Amino acid sequence: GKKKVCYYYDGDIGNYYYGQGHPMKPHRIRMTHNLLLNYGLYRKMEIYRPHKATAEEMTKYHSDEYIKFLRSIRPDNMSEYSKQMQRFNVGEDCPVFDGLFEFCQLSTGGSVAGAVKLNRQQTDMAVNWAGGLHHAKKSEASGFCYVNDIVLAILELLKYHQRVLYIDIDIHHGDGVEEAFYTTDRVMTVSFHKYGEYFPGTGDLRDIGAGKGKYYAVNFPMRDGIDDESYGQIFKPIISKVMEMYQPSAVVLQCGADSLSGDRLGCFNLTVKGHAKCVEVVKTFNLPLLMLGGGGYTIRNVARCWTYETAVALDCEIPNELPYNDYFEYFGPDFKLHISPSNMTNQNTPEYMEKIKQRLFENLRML
Ligand SMILES: CCCC[C@H](NC(=O)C1CN(C)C1)c1ncc(-c2cc3ccccc3nc2OC)[nH]1
Ligand SMILES: [Ca+2]
Ligand SMILES: [Ca+2]
Ligand SMILES: [Zn+2]
């Protein structure tokens, strides 16, 4: 039936700034929040402010040296950490900005707090749009991500769940999450992503895990221009098979919005309805679910996407006419919730989609 939804948000998150021209804009989290408040979605869910995750909570995965560096580095002492910045990959993509550590603590706090709430059986769904920073590694920042809130939230879920399923619909391969759990069967990672001359360069369908984790990493490589029809016809069959074979007791769904049509960095052609169909599909399985954010660089579309996905989590139909809000002008010229796909060519032929699906089904028979 309808599910209890707990949502995490810190009003300060929107003030963190990566720097002039940097595509990652924490302000998109505040736009999302303001839009769903204006649709009246706060009446249907419990809103929590995350705690600031401690260096200690973060070292459940990250190395002590990397976390110590994140806690110490500031724009005023950068010149003294030249060697450490290189070692930890903090620079152009992952800049040093005022309040960087606090931004990581809030992003992480929401995901970990959501996992605790699910473990305690106090909610059916937990949402943290500031989370989903899937590229961060054990001792390295990567692709605008510094602390892997997903890995930390999964480790929390593993205290009470024998098997956890991770699903990643961000346009980028969920490399940091797959790497953390590559050699274990206690977490199955499933990533759908653009593959070929594209960041981070991993996620070939031949990457299936290693040791006890062999067959527990699933990668669906895609080309430019995937649309709602093509994505929908592959997502429900893959997730259904994964649910059937793996039988997880909890799910983490990374909802990176950079897979939408018109994304500044992305080359896909999904609409908000096509992206949200993934949430609807995962919801039908009736398992404890942690919904996270991720990429998304055309901020008006990110706000539309995550507002609609929160409405989906609540089984609440919301009008297409956008209500007035603090960022109303960002949604011009149409002022509608839903988006139209572009006329870009879909390089993912129906035969290619069926062929990759068939190759992945062969691997799933090995469970
Ligand atoms: C989702 C993560 C995407 C990361 C990607 N980075 C890379 O491809 C670099 C090359 N590798 C050594 C990593 C990337 N794509 C675009 C950028 C980018 C970074 C910027 C940093 C400071 C300022 C502007 C930037 N503009 C960018 O793209 C327009 N960075
Ligand atoms: Ca992905
Ligand atoms: Ca695994
Ligand atoms: Zn991404």
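Residues numbered from 1 in each chain as written, not as in the entry; some residues may be left out. Chains lettered and ligands numbered in written order. Heavy atoms only, no water.

Structure determination for the deposited model, as stated in its record, used X-ray crystallography, and the stated resolution is 1.5900 Å.

The name the PDB entry assigns to the protein chain is Histone deacetylase 2, from the organism Homo sapiens. The record deposited in the PDB is entitled "STRUCTURE OF HUMAN HDAC2 IN COMPLEX WITH AN INHIBITOR THAT LACKS A ZINC BINDING GROUP (COMPOUND 12)". As stated in UniProt under Sequence similarities, the record for the protein chain gives "Belongs to the histone deacetylase family. HD type 1 subfamily." (UniProt positions renumbered as here; feature names shortened; annotations may be inferred.)

(A) View of the environment of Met-45. The residue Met-45 is located in the loop between α1 (27-38) and β2 (46-48) in this model. Assessed through its relative accessible area of 7%, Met-45 is described here as buried. If we skip the residues at most four places from it in the chain, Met-45 touches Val-5, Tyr-7, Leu-36, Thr-310 and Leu-314. (Helix = DSSP H or I, 4+ residues; strand = E, 2+ residues; numbered from the N terminus. Buried < 20%, exposed > 50% of the residue type's maximum accessible area, 1.4 Å probe, protein only. Contact = heavy atoms within 4.5 Å.)

(B) View of the side chain of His-193. With respect to the helices, strands and loops of the structure, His-193 is situated in strand β5 (residues 187-194). A distance of 2.8 Å separates polar atoms of two side chains, one belonging to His-193 and the other to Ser-191. A polar side-chain atom of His-193 sits 2.8 Å from the main-chain carbonyl oxygen of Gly-203. Contacts of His-193, omitting those with residues within four sequence positions, involve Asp-170, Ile-171, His-172, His-173, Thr-202, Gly-203, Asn-219, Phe-220, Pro-221, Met-222 and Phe-268. (Polar contact = N/O pair within 3.5 Å; in protein donor to acceptor, adjacent residues only side chain to side chain.)

(C) Quick look at the UniProt feature "binding site: Zn(2+)" in the protein chain. Mapped onto the present numbering, the UniProt feature "binding site: Zn(2+)" falls at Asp-170, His-172 and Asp-258. Look at the named residues: they lie 89 residues apart in sequence, but the longest C-alpha span between them is just 8.2 Å, so in the fold they bunch up. As for its placement among the helices and strands, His-172 is situated in the loop between β4 (164-168) and α7 (175-180). Here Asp-258 is to be found in the loop between β7 (250-254) and α9 (272-283). Apart from residues no more than four positions distant in its own chain, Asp-258 is found in contact with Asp-170, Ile-171, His-172, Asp-263, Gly-266, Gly-295, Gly-296 and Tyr-297. At 2.9 Å, the side chain of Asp-258 forms a polar contact with the backbone nitrogen of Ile-171.

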